[PDB]
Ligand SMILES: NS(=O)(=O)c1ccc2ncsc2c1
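Presented below, as structure tokens, is a lone chain in the form deposited without this ligand.
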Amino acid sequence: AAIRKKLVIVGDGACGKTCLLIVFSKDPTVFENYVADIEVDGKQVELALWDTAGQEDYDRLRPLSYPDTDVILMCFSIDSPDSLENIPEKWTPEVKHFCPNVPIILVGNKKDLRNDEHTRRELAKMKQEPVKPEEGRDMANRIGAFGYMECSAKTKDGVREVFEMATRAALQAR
């Protein structure tokens, strides 16, 4: 009865791609199609979770996942400052050439690391002064998207809604 889509979540390495996928899956580096079941709006849809490598220059295997992808999840990290800006640099032009036109819901997990007094002193020494939502909201406006839910992994309340805005975009045209 169900329908099923493919999910090829992208990031910049160690942005917390995989630790998210754990939390949605069960409720630790690889995810093949660990077919997860989610009730979006009354359809009881399965969602295939193709976690990808990262920045390990695995372009050997990286492009073998994108064919027939329709729900992309370009990650960044909140404790990652404008290092965040690999999106228009590496990852967006790459999903621009290996999947023609699909949704792009921009993750942004580790939302419970702003107010991190521990890494505040680290990232303060960096001078970099971690990101603003409006900063990546413009990155969202820059790309064209179907959501900018930030996310959170260790602390929950932030994994669930990310797949709502994601799934619903895959159910659209194309």
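Each residue number is its position in the shown sequence, starting from 1.
Unshown form solved in complex with this ligand; subsequent notes refer to it.
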- Task: Would you please decide whether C99 lies within 4.5 angstroms of this ligand in the deposited complex, comparing each non-hydrogen atom pair?
- Result: yes
- Would you please decide whether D68 lies within 4.5 angstroms of this ligand in the deposited complex, comparing each non-hydrogen atom pair? yes
- Using the arrangement in the deposited complex, list in sequence order the residues of 38-63 with any heavy atom within 4.5 angstroms of this ligand. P63
